[PDB]
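To start, the structure itself, in structure tokens.
Positions of Cβ are generated from backbone atoms using ideal geometry, with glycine treated the same way; all protein chains shown enter the neighbour counts. Each reported figure results from applying straightforward, stated rules to the coordinates on display, with no laboratory input.
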Amino acid sequence: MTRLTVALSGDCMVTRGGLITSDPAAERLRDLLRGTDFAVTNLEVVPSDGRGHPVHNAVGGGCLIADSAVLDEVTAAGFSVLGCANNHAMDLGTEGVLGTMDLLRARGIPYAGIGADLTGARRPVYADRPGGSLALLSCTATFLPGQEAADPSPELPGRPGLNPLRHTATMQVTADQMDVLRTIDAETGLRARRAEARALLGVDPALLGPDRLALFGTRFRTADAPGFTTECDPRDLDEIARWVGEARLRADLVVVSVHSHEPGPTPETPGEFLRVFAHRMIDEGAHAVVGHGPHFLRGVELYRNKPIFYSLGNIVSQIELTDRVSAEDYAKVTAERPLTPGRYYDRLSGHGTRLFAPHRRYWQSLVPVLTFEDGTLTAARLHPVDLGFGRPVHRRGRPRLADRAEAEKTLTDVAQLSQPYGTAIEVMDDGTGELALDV
Amino acid sequence: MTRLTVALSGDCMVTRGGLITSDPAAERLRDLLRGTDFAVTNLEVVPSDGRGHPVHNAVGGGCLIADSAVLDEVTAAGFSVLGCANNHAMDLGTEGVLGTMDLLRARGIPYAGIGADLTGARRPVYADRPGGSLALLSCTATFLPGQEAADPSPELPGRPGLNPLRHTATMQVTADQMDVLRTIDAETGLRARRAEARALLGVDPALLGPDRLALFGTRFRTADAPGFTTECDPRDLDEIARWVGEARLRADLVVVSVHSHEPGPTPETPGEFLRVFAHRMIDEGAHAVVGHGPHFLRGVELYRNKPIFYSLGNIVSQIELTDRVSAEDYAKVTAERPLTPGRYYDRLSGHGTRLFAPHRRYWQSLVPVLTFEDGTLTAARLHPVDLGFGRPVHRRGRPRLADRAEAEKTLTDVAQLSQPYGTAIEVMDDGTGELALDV
Amino acid sequence: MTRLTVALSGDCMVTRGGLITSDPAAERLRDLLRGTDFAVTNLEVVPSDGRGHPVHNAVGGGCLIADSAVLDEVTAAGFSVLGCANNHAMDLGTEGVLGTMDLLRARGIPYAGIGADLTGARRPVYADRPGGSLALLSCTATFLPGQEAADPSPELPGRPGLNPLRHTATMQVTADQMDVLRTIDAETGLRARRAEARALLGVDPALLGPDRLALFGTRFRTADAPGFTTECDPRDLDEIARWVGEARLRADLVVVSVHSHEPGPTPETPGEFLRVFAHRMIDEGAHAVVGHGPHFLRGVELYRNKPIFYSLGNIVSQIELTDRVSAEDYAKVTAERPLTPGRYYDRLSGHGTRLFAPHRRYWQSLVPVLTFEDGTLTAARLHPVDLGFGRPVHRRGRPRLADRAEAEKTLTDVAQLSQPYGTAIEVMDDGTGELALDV
Amino acid sequence: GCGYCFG
Amino acid sequence: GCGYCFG
Amino acid sequence: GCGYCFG
Amino acid sequence: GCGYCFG
Ligand SMILES: [Ca+2]
Ligand SMILES: [Ca+2]
Ligand SMILES: [Ca+2]
Ligand SMILES: [Ca+2]
């Protein structure tokens, strides 16, 4: 009875107008997005009319701030529900994120993942249309500590911020490797500098057990063979799952959007904690999990007949076209004269010989279009997107439906990245495809 | 011809009124402070009328926020020039620090160490009186990364914050210890998770040389014997020194106030970088260096006939009396019922069996009173201060001149802590003292 | 692959509504402008809702201020990118220029040449459309000293203003003429009145060398034959060129709009500094240079296959219809009774016997329409515009495509003014034309 | 300020 | 704060 | 962020 | 603008 379509996409790093060019392949992407009931993207940029102050985000690759007019580019392109939790929503601080919420609400754009407090960032947003409703929840595993939103206390307000999915990494080391680490701790004098903390706290904060260790701000555990494990923060995982169970009661479809740069054993595999997280979301009743962060595609998994897109890469990539570069960002490039933004990005990438420009994986994208009937996935179309690899810097990063030859190559990539999950793909003559479903 | 007196003090963590009690020893401390030309303290609390949002400062021991009326307690007690750079000025974020500047300027209180941008935080403040002028510069080596102020760029504003003194720690390890660290890096799979960063940056960010290593967010260097070294950030050191040379041209006296929790080889010794910093300040023309942070006293050094007070501890200590505890602070204490602030601090310290309450070193203080004649130090009086060790929580932390017996014990402590620097002390019958000077 | 059209025009001095009349020739001008990808004009009027105060601009011919509704006349006529640097943008002071930026941004009108500081005035504006992007930079060589914008310092903000192209004039005089000037300086007592400046500065500010002289606020240089030379300010020239190289990296087309009233040896020739400036702009990568200021047409030059329009005159000329005349403007006309604006302009021009009304050159205009293919100029159409010479004051100044006979006369004028540059023109039956190109 | 400019 | 993340 | 700091 | 003035 109820039939709904959802378009998914990755990072929307838009800094300029004319997002949809006069290219027919770009206009057909807008037609595709505007033909769906809901079209989701990750707003990977701070739209601003001037509120807030730049934070030091060198780890994130600099500040990502744009004129608020780019929001009209996003909506006119067809995107209608925004995920906002990512490592850039806080690029203008708490005042910036409050400014973003003001800008989105005044334009009537449904959004999730940020809020004036932690609950508001965790909440789903409900997008209602004549055919039905979609609940979007948005969280991020990549952010600067402290940027997560905070709930109020009886005496103090909350803190505006993002919806966090924290996680811990543990280094598994052999018993002899652990002994050397403790020896380094004692012999360098590092242990001596915790003598004060021992008296105040009553014990050494580095001793978590005789086979567990916290040194150099890292977790070490004795194991038979060296290894590396990651685990979700239990409180974030339980709380996000809690809100998914809430959203499932109040919407036809529940989509969880999660930002995650963290790599697994290989750059193309997701962190193990992310896979546990995605499984939990569907266990709690989500109909899809859309991931992003790495700026390249990752595999697709079908779990209990619901799709997990571990990374849809970038749908818009205009980092190097930003006109708002902070002083701390400029300082990362030695210069014998004050730099303009474009020259700064040219020197930052070594005139295009490093960073994202040389590699083609950073300029292919994918827009899945999912069809649900009463919550059952009945189709998952795959539309490869081309972002213009090798074009001049002012042209690349704008999305268009890839031509047949490039779409087939992208579809092969997705199939190969999805093969470890048992995912199969049917391929159309035009280079588009769709997931093979059990339903 | 020009004769000026300066009172120095450590952390002023004031959260309640009645700072100066009706105790004659407390009234005599106010008389002492109000009898000097300048009386400096470190404002270790955010005075607030409600502007800003609490930041997660668990490392700093929680948020330190108080009614703005405490500023009238500070000035009525006799303090007249405030240092504001410390690990708590940013407890209410950028909006909070702008609110503090508003509150201080409206009350006519000279302050340094915070600003709307980096230059404003680095600037000296000039306090002018009929007998002469003092320049106060204020910086902190202890703060959460990102809390430092930022200067504007051609396109973006600055960021309000504190005046930073950053520093790096390097672990010296033997060549065989270094080999084990690299082996752990490779065998755990940690090196494999940097494969992406290798292609984007062009090289491994962990390889700083074949005898240098960045692992686990820590610096390692091959050395013949294990060790531990710290070094000032060259840019912060050159810039603060730059402003000291500026201040020396425009004031009779230049005082540098530096917040530093970082311990040396032992808890009572300052970090080596702090000692290099203090020497540089006097090399550049400062007349005194006043340190604070650890909440206990550290030694006193005479360098080129100018005093360095590596830590004057606390002059006011009312952390446990704060009425503004954030939600993230409350979460550090497991509770089967919502907690009031006082009960929260009782459970946080294990009902007084840990943290600062049991140890007497955290409740002794020192107020030096320095006399300069044409920039030459001619006297350095030492006035021990008692903060009420063992008194009920609502009474301890308010300062008074220690009685003779306790003042003598504190003076012995200062002499012993200052002995490694060759400092000698003359002792008066009342338990006060003064440094032995070469002039 | 990329094909873009740009309409160019001169001074838009609009003060009334109904800019496009019901005349078919006027409606066809709007159709022409609205059929291009970008249509540039020089906003030679302060649109205002009341912010700011009138400056004394007698040299500029009085204040030029209009209801902000005229901006809707400009955009509805087809203009879509505004150049704002000229000798009238500052007619309401710094508050007025901030009010203009507010008005333009609220209407979504891209603009360049003014800003809250010098960098913002120098920046290009990027106008994005489906077919491509154009970067507009706007500067002016004609303005009252001090009206240029200023960048901030560590302690003080910038100053809102215009993007300047300063220049110096040097009078070449014979050695005997130079001796008489020095003699006049000494014998009048003028040199005696610089005796104070000699002691304070250490030397005579009038002695720049023995063959160079600064007298009467003018530069004199000894030369074999008398002459007159002009030179761009090296800092303005290097900085504008710097921003052109930046814009070329981020847009398909870069257009530099320069306001310049300064005459060359004859009124129709541009100042030599302007020609050096225009050559530099194309050397740095600009695709066109559009000039304005003199209120009549100047020649057109092709340089490295890019067009330089030294002056497109006025596209809208309604000075005498302004309803906002300042008190200092009124004072230039002796009157035995308070004057209304229209009567003031009638008396200022001697009831139409002087100023711009009697001469036909001030009421002909030209709208070039340029076609670029991948940055290569492939067509430069010339559309003569008639501004209604000899019509009543309330009708003249509104633009329409000139009829055949008048368009041919205007095209002859452009050809003759462009002949010294080697420019040739093809002429259509309707009186429109196009430049002969080498491509 | 124009040296050797109307409207 | 990223441990073992551009743009 | 303190590496090897209360109040 | 001073013709033939500091501070
Ligand atoms: Ca990201
Ligand atoms: Ca502290
Ligand atoms: Ca003009
Ligand atoms: Ca004066």
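When a/c reaches 1.5 or more, the comparison of a/b and b/c decides; with that in mind, is the stretch C:6-50 rounded, prolate or oblate per its Cα gyration tensor? Oblate, because a/c is 1.5 or more while a/b does not exceed b/c. Projecting the Cα atoms of B:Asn86, B:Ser22, B:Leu237 onto the dipole axis of chain B, where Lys and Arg carry +1 and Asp and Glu carry -1 at the beta carbon, places B:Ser22 farthest toward the positive end. Over 31 Å between Cα atoms: which of A:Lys332/C:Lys306; C:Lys306/C:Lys409; A:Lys409/C:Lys306 fall into that group? Violating the 31 Å Cα-Cα cut-off are A:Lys332/C:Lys306; A:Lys409/C:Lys306. Here is the list for the stretch C:324-380: trypsin sites (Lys or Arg not before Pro) lying in DSSP coil, each with at most 13 other C-beta atoms within 10 angstrom of its C-beta, are C:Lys332, C:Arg354. In this Cβ point-charge picture (+1 for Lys and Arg, -1 for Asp and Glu), the protein assembly as shown has a dipole of about 880 debye about its Cα centre. Size check on the stretch A:19-93: the Cα extents along the three principal axes, sorted descending, read 39, 23, 22 Å.
When chain A is treated as a Gaussian network with alpha carbon springs shorter than 10 Å, the biggest mean-square fluctuation among A:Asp374, A:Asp176, A:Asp236 belongs to A:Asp176.
Projecting 7 Å from Cα along the Cα-to-Cβ direction, the label point of B:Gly245 sits 3.1, 6.6 nm from its equivalents in the other copies, listed shortest first. With θ taken as phi - 60° and the Karplus curve 6.51 cos²θ - 1.76 cosθ + 1.60 applied, the whole-hertz 3J(HN,Hα) list for the stretch A:273-283 is 4, 5, 5, 4, 4, 5, 4, 4, 4, 6, 4 Hz, x standing for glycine and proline. Once the convex hull of all Cα atoms in the stretch B:130-188 is built, its volume per residue stands at 218 Å³.
Taking other C-beta atoms within 10 Å as the exposure proxy, C:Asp233, B:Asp49 rank B:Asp49, C:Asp233 from fewest upward.
In this Cβ point-charge picture (+1 for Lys and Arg, -1 for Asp and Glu), the stretch A:204-296 has a dipole of about 80 debye about its Cα centre. Exposure proxy ranking for A:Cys63, B:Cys139, G:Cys5, based on other Cβ atoms within 10 angstrom of each Cβ and starting from the fewest, stands as G:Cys5, A:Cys63, B:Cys139.
Considering only the Cα atoms of the stretch A:283-347, their convex hull presents on average a projected area of 6.5 nm².
Projected onto its three principal axes, the C-alpha set of the stretch A:6-159 covers 54, 35, 27 Å, listed from the longest axis down. Principal semi-axes of the equivalent ellipsoid, √(5λ) from the alpha carbon gyration tensor of chain A, are 36, 27, 24 Å from largest down. A prolate overall shape is assigned to the stretch A:343-439, the ratio a/c of its alpha-carbon gyration tensor axes (a ≥ b ≥ c) being 1.5 or greater and a/b exceeding b/c. Its residue count N sets the reference 2.2 N^0.38 Å, and the alpha-carbon radius of gyration of the stretch C:236-282 equals 1.30 times that reference. Just the number, please: percent antiparallel of the DSSP beta bridges in the protein assembly as shown, rounded to the nearest 5. Just about 55 percent of them are antiparallel. Counting charges near C:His88 (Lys, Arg +1; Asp, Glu -1) among other residues having Cβ under 10 Å from its Cβ returns a value of -3. Within the shell defined by Cβ-Cβ distances under 15 Å, the residues around C:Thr269 carry a net charge of -2, with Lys and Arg each +1 and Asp and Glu each -1.
For B:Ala379, neighbours were defined as the other residues whose beta-carbon sits under 12 Å from its Cβ, and their charges (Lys and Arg +1, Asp and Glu -1) total -1. For a Förster distance of 56 Å, can you work out the FRET efficiency between the beta-carbons of C:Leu190 and B:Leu201, rounded to the nearest 0.05? Efficiency, from the Cβ-Cβ distance: 0.25. Of the residues B:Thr142, A:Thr229, C:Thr322, the one with the fewest other Cβ atoms within 10 Å heads the list, and the complete ranking is A:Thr229, C:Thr322, B:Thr142. For the protein assembly as shown, what does the alpha-carbon gyration tensor say about shape, rounded, prolate or oblate, given a ≥ b ≥ c as the root eigenvalues, a/c under 1.5 as rounded, and a/b over b/c as prolate? Oblate.
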